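Student: here is my input; please provide its structure:
(2 chains, ligands or ions: 2)
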Amino acid sequence: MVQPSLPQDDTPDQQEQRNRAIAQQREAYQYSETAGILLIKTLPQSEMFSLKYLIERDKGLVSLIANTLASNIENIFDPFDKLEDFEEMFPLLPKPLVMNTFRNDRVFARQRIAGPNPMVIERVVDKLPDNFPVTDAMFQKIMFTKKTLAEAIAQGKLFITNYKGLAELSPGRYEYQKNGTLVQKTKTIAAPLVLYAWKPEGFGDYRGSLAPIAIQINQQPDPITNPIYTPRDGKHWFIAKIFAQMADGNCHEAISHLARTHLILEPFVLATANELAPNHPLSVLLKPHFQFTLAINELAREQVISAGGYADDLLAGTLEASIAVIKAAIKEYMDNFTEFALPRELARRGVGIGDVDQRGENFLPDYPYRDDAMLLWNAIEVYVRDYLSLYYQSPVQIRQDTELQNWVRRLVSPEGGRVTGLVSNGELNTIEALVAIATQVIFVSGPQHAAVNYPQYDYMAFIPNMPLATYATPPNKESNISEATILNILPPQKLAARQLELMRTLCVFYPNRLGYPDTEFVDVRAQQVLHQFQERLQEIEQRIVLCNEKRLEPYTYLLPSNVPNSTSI
Amino acid sequence: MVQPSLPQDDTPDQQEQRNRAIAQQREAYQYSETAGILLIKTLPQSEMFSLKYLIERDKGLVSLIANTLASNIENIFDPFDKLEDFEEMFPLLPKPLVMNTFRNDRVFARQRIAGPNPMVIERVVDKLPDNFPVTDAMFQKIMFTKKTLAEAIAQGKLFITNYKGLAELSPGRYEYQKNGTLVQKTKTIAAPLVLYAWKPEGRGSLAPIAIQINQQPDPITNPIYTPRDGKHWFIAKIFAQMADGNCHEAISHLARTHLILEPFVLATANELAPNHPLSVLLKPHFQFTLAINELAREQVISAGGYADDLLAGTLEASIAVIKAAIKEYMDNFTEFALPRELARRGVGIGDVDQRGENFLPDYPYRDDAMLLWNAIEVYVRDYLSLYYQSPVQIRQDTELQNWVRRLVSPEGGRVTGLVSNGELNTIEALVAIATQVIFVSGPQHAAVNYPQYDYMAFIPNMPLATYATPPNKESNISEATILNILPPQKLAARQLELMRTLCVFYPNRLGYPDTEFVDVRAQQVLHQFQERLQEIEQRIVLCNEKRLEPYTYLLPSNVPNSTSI
Ligand SMILES: [Fe+3]
Ligand SMILES: [Fe+3]
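Tutor: Residues are numbered from 1 along each chain as shown, chains lettered A, B, ... in the order given. Ligands and ions are numbered 1, 2, ... in the order given. This is the structure:
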C-alpha cells in the first residue's frame, strides 16, 4: 500500500526499487507473437483468472452440456431438416431476442445501429460507389417516391454498409466422413454492398427508422450473376439479407471484436507492465481495466485463432485469411490510433453528433450505440482528467516522467505494438494528450468491448439471423427458392451448434463491473475521483433507462451495470 | 532463490523476515468450514490453477459437449429403453475398459483389488459376521467342494466386503415436472455384505461367493444371493457395486485424499516460512490442491452438486459419511500408512500362510503402491537428512512445532493421531509423516481417481445410486426391472460427465516439480527419486505382462505430483 508518485519525485533508493520491480515485471511479461499478433510469452500466475471467474465460466460450459443433452441437433455436417429446427436449439437456454422478428426488414436494418457490430454503417456523400449501380428506378420503386438518388444523397438520407474488406478472402474448407469416404467442401464468400435509407415517416407512425433499400451480394456488378436485390425480390431478398448478415458477422468477429477490442489492448497491458512501476499513477489507473485481459487473449490464442479453433470452423474464410483481416484491422487502428477515438470515428463515418442537417438534427437520429457510447466516453474522460491532474499539474512533469516516456517509446516501437499514431512530434509532451490516450484505452476495454461482445448471443446465437459462414452460392435471380435451398445456404447442424456454443460462453456472465475495481486506491484523493465516476455512472444509467422507454427497442448493452471494467470475456 | 534453513539457525533479522512472511501467509490462507469440513476462506491467486490446467480442463468439457451432441441420450428422468443403450453413450469418448466384461464374476471381484476402490476387502478371521448367515451348504454348492466355511476361514481363503458404513444413510430424493405435475421419487439404499473366496485353481483369482444386499438378514425380504440365482445374482452385484461406488466417492476419494490433505496445506502456509525445508519439500505435492478442493466445495458437495444428484443418500447423509471418514483418518493418522492399513485388513505383505505365500497373491494396488511408498520414504528420508542432523533440531525447530500444534488443534485439522507424547521429537517420525502426506497426494489419489472412467463411466458396472428396490427372490426379472434399478438417462449422463472430467488429463507428474530446489544436494535427492521411479516403472510393466489384466494406474508416469483433479 504505497502512495503513487512520479519517478522523478522519488529518492534515489526509491528509484532503485522502482527499477528493480520494473526489471522483474519485464522478466515476467515478455513479448511474443502468434501469426504476427503480439501476445505474451508466458502468462504470470497473478494474471490468471480468479476462482470466481472459473466458477462462472464452468457454469456456462455445463449449461451448454445440459442444453445439448435436451436438444435434437446432431453431430453431423448435414443441413437441418426444417427451418423451424433452428428455433428448437435453446431448450435449456435463453431464447435469442432476435429470433421472432429477424425476418423483418426494420429488424435487419436496426442491427446496423444497435446490433453486435454497430461500426460499419456510413452516410453516403456525393455518390454511391461506381461498382454499386443502383438506379433512380430502383430507389423510386422501393421507396414509393418520385425523389432521385441524387436528391436523397443531397439530403443526407442514404446510408451504406460496404463490405469490400472481405472481398479478397480465400473461402474456408471443411471435410468429413460419409459412407466410408472423405467429402471435402468449400464455404461461399460474399462481400456485399447494402444501401439503406432513413425514413422519417417510418413504417406507419411518427417513429423514424432505418429501412434497407438494396443489396448487391458481391463487389463486381453483373446483371445476371450478381444483380442488385431489393425488398421486391421476395425469397431472393431474404437470401440476400442472409449473406449481408454473414458479412456483418465476419467483420464483427475479425475486425470489431477480436482485432479492435481484445488484440489492440494487449500492447498497452504489456507496455504498462514493462515500463511503469507498481506505484506509478498511470499503471494504478489502467490496471483495473486490464483484469483478465492477458488471460482471455491467451484463451483466444489457444481456442479461437488456432487451427481447429472457433474462427477456423465458423468464419467465412480460411484461418489464414481471417488472421490477415484481423492483422490489417489491428494495423489500421494502431496507425491512426487517435483517429479511432469514438467522436472522431463516428464523424469519419458521417454519423457523429455533429453530422446534422440545416434544421440542426442528426441525419441518423436513431443510433443507440452512438448516444450511450458518447455518455460513457465523456464520463470516462472526466474521470481520467480528474485522476491524472492529481499527479500531473504542469506538462513538464509529463516530459520529465522517464517511465511514461519509455511507455510511449515501447508502444510506438515495432516490437511493442507499433502504435505509430499515438503521439505527435514523436514524443508525449502534454497532459491533455495522455488524458485522451487513457480515455480511449479505458473506453475500449470496457464500453466498446461490452457493446460488441454482449449482443452476440441475442443476434448471433440464433443462426439464421447471422451465420458466420454461408455454405452454398447465391441462387440465380430467376431460380425458384425452396426451403432446402435456404437450408443448404445456412450452416450445417454441427457448425450451428458450434456457433451457439461460442456465443453462449462469450455472453454468460460479467467478470467485473465498470468503475468498481477489486482493490481501491491507496490515495484518498484518487478514491474520491473514483466515487464521483460511480455517481456519474448512476446518472448515465438512469438517463439510458429513460431513453429505452421511448426507443423502438431497448438498448441495454451500454447500461453501466452491464459494462465490464475490462475486456475479460 | 534463498537457501533453505531451519528457523533457529538464522540471524535475528532473518528470523523477523520469516515471521513477516508467515504472518502475511496467515492472513492469505485463512481457515474456514463448509458443513463442518475444513477449507480455505479465500483462495490466494498464487494457488489458482495455471493457464495450462485451464486449457486442458476446457478441452475435456468441450469433449463432453461434443460427445453429448453425438449421443441419443435425452434430458429426462425416464430409464433407458434398452440395456444396450448404456453402451452407446461414448460416440466421441474412449470406451470404458470394463464395458465388455462387466457381467463376468471374475471382473466383478477383481475390482476389489484393482478397481477404483481397492480399500474395502478384508480377510475373514475366526468367523463371518453373525448378521451374514452363510451356511456350509451354500459355500459347498458354490465352490463345488466338500470343505466347510470353518475350514476355509482357517486356511485364510475367504474375504469379505462389509458395507455397514452405508446402513444409516437417508435415501436421496429427486423430483421433476411431467405433464404439469411434480413427480417426486426416492433412491434405494443398500449396505451389502459380499463374501469372496480365493480360488487357486481358476491363474488363481478371487471369486464372489455370496451377496446379502442389506445388513439385517431375512430369508424372504433380504436373502443371501449366490451365483446360482441367475438374474437375481446379477442384480445383487449391481447393488454391491453401487455400495462400492458410494464408499469410493465419499470415503476413499473425497474424504481420504482431497479433504484430509487440506489441513496439511493450510498448516504449511500458516506455520512454515517459504525457505523452510519442509515447506519446500511438500509444496510441490500441494499444487492445485486448494483450488481443486474449492471446486469440490462449489460443484461436488454443494446443493444440486454431483454428490447430491448422483450418490445414494441425501447430501446431508453423504456429508455425514465424509466427515466420519475424515475424523477416523485423522484420529488414527499413523495407522493409515499404507503398510499398516493393509495389515489391518489382513491383506498386507506379511499376511502369509505357512508356505510364506500371501493369502491374497493377486493385489496389484498393494504391490505397486508398496513400491511407490518405499520409494517416497527413501526420498524424504534422504531429503530431511540434509537439514535435520540430530533430533534436537527437530525439537528446537519452532516453525515445525507450531506446524504440528496447528495440525492437532481442533480448529486446524484435529489430527490427534499425528504425533506421540503430544510433541514431535524424532526425525523418523517426521519422515513417516511427510512420506504419508506425499503418498496420499500422489499415488493414493491416482489409484482412487483414475480408474473412475474405466469402471464408473459405464453406468451399469457401478451406478452411484439405485432407483428401485431389490426384486423379490422368487419374482420374474425382465429387462425393464433392471432398467428401473439403474439410473435414469439424465443422471447416467451426469455420472459420465463427472468421471470424464475427473480423468481427462494429468495436471503434473510425480517427482517432477515446476521449480527445482535451490539446494544442489536437494536436487540430487530428487534426481535419485526420479531414477528410482524409472526403475519402478519398468518393474510394473514387467508385472503387467504377467498379470491377468494390466494395472496401469500406479505406473509412475501416470501418477500426478499432487492431488489436483
Ligand atoms: Fe470478447
Ligand atoms: Fe480427485
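
Student: for chain A, what lies in contact range of chain B?
Tutor: Within chain A, the positions lying close to chain B (Cβ under 8 Å from any Cβ of the partner chain) are A:43, A:45-46, A:48-51, A:54-55, A:58, A:61-62, A:64-66, A:68-71, A:73-75, A:91-92, A:295, A:298-299, A:302-303, A:494, A:497, A:501. All C-beta spots, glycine's among them, are computed from the backbone N, C-alpha and C.

Student: now, which of those lie within helices?
Tutor: Per DSSP state H, helices hold the following members of the residues of chain A next to chain B: A:51, A:54-55, A:58, A:61-62, A:64-66, A:68-70, A:295, A:298-299, A:302-303, A:494, A:497, A:501.

Student: ok, of those, which come out buried?
Tutor: A:51, A:54, A:58, A:61-62, A:64-66, A:68-70, A:295, A:298-299, A:302-303, A:494, A:497, A:501 (16 or more other Cβ atoms under 10 Å in any protein chain shown).

Student: how about the helices in the stretch 401-550 of chain A?
Tutor: A:402-412, A:431-443, A:449-453, A:455-460, A:483-489, A:493-507, A:524-550 (DSSP state H, counting those that start in this stretch).

Student: out of those, which comes closest to residue A:284?
Tutor: helix A:524-550 (7.6 Å; Cβ to Cβ).

Student: other SSEs contacting the closest one?
Tutor: Contacts defined by 3 or more Cβ pairs under 8 Å, 6 or more residues apart in numbering or on different chains; DSSP states H and E place helix A:524-550 against helix A:368-388.

Student: residue A:208 and residue A:201 touch, don't they?
Tutor: Yes - with contact defined as Cβ atoms under 8 Å, residue A:208 and residue A:201 form a contacting pair (7.3 Å).

Student: comparing these two, which residue is more hemmed in?
Tutor: residue A:208 (17 against 10; other Cβ atoms under 10 Å in any protein chain shown).

Student: and the spatially closest residue to that one that is not a sequence neighbour, backbone torsions?
Tutor: Nearest residue to residue A:208, sequence neighbours excluded (Cβ to Cβ, 6 or more residues apart in numbering or on different chains): residue A:200, at 4.5 Å. Per-residue torsions, residue A:200: phi -70, psi -40 (degrees, to the nearest 10).

Student: if I look at the nearest residue to residue A:354 once chain neighbours are set aside, how far off is residue B:279?
Tutor: Counting by Cβ to Cβ, 6+ apart, residue A:347 is the residue found nearest to residue A:354 once chain neighbours are left out, at 6.3 Å. For residue A:347, the distance to residue B:279 equals 60 Å [Cβ to Cβ, to the nearest Å].

Student: ok, now residue A:290?
Tutor: 32 Å.

Student: what does residue A:414 give?
Tutor: 45 Å.

Student: over to residue A:88?
Tutor: In terms of Cβ to Cβ, residue A:88 sits 56 Å off from residue B:279.

Student: quick one: contacts for the spatially closest residue to residue A:257 that is not a sequence neighbour?
Tutor: Among residues not flanking residue A:257 along the chain, residue A:452 sits closest, at 5.0 Å (Cβ to Cβ, 6+ apart). By Cβ atoms under 8 Å, 6 or more residues apart in numbering or on different chains, the residues touching residue A:452 are A:116-117, A:119, A:252, A:256-257, A:261.

Student: report how many residues lie close to the closest residue to residue A:527 other than its chain neighbours.
Tutor: Among residues not flanking residue A:527 along the chain, residue A:521 sits closest, at 4.5 Å (Cβ to Cβ, 6+ apart). A count of nearby residues for residue A:521, using other Cβ under 10 Å, gives 20.

Student: wait, isn't residue A:521 in contact with residue A:533?
Tutor: No - the pair residue A:521 / residue A:533 is not scored as a contact, 11.4 Å apart, by Cβ under 8 Å.

Student: next one: stretch A:167-184 to chain centre, how far?
Tutor: Centre-to-centre, stretch A:167-184 and its host chain are 29 Å apart (Cα atoms, centre = their mean, to the nearest Å).

Student: that one: end-to-end distance?
Tutor: 23 Å (Cα to Cα, to the nearest Å).

Student: over to stretch A:68-82?
Tutor: 18 Å.

Student: mind listing residues that contact that stretch?
Tutor: By Cβ under 8 Å, 6+ apart, stretch A:68-82 touches A:85-86, A:88-89, A:91-92, A:174, A:176, A:178, A:183, A:185, A:471, A:483-484, A:487-488, A:490, A:492-497, B:65-66, B:68-71, B:73-75, B:91-92, B:490, B:493.

Student: so where does residue A:32 fall, helix or strand?
Tutor: Assigned by DSSP states H and E, residue A:32 falls within strand A:31-34.

Student: that strand pairs with which strands, and in what direction?
Tutor: strand A:37-40 (antiparallel) (DSSP bridges).

Student: convert the partner strand to PDB, retaining C-alpha atoms only.
Tutor: C-alpha atoms of strand A:37-40 as PDB (Å, rounded to 0.1, in the frame of the first residue of the first chain):
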ATOM      1  CA  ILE A  37      -0.100 -10.900 -33.500                       C
ATOM      2  CA  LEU A  38       1.500  -9.500 -30.300                       C
ATOM      3  CA  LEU A  39       0.800 -11.700 -27.300                       C
ATOM      4  CA  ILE A  40       2.600 -12.600 -24.000                       C
END
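
Student: in stretch A:179-197, which residues are buried?
Tutor: In stretch A:179-197, counting by 16+ other Cβ under 10 Å, buried: A:187-197.

Student: is it possible to export those residues to JSON lines including secondary structure?
Tutor: Listed next are these as JSON lines, based on DSSP: H, G, I helix; E, B strand; the rest coil:
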{"residue": "A:187", "secondary structure": "coil"}
{"residue": "A:188", "secondary structure": "strand"}
{"residue": "A:189", "secondary structure": "coil"}
{"residue": "A:190", "secondary structure": "coil"}
{"residue": "A:191", "secondary structure": "coil"}
{"residue": "A:192", "secondary structure": "coil"}
{"residue": "A:193", "secondary structure": "strand"}
{"residue": "A:194", "secondary structure": "strand"}
{"residue": "A:195", "secondary structure": "strand"}
{"residue": "A:196", "secondary structure": "strand"}
{"residue": "A:197", "secondary structure": "strand"}
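
Student: check contacts around whatever residue of the stretch 401-550 of chain A ends up closest to chain B.
Tutor: Residue nearest to chain B within the stretch 401-550 of chain A: residue A:497 (5.8 Å; Cβ to the nearest Cβ). Residues in contact with residue A:497 (Cβ under 8 Å, 6+ apart) are A:68, A:71, A:73, A:75, A:89, B:69.

Student: and the furthest pair within the residues you listed?
Tutor: Across the contacts of residue A:497, no pair lies farther apart than A:75 and A:89, at 13.8 Å, counting by Cβ to Cβ.

Student: between the two, which has more neighbouring residues?
Tutor: Taking other Cβ under 10 Å, residue A:75 and residue A:89 do not tie; residue A:89 has more neighbours (24 against 17).

Student: surely the more buried one meets residue A:496?
Tutor: Yes - under the criterion of Cβ under 8 Å, residue A:89 makes contact with residue A:496 at 7.2 Å.

Student: which residues do those two both contact?
Tutor: Residues touching both residue A:89 and residue A:496 (Cβ under 8 Å, 6+ apart): A:73, A:463.

Student: residues touching stretch A:521-529, excluding its own?
Tutor: A:1-4, A:281, A:284, A:383, A:386-387, A:390, A:520, A:530.

Student: the same query, at a cut-off of 10 Å, please.
Tutor: A:1-5, A:279, A:281, A:284-285, A:288, A:382-391, A:520, A:530 (Cβ atoms under 10 Å, 6 or more residues apart in numbering or on different chains).

Student: can you tell me which of these are buried?
Tutor: Applying 16+ other Cβ under 10 Å to the contacts of stretch A:521-529 flags A:4-5, A:279, A:281, A:284-285, A:288, A:383-388, A:391, A:530 as buried.

Student: between those, which sits nearest chain B?
Tutor: residue A:288 (15.1 Å).

Student: touching, the closest one and residue A:387? I think so.
Tutor: No - between residue A:288 and residue A:387 there is no contact, the gap being 11.4 Å when judged by Cβ atoms under 10 Å.

Student: this completes my enquiry, with thanks.
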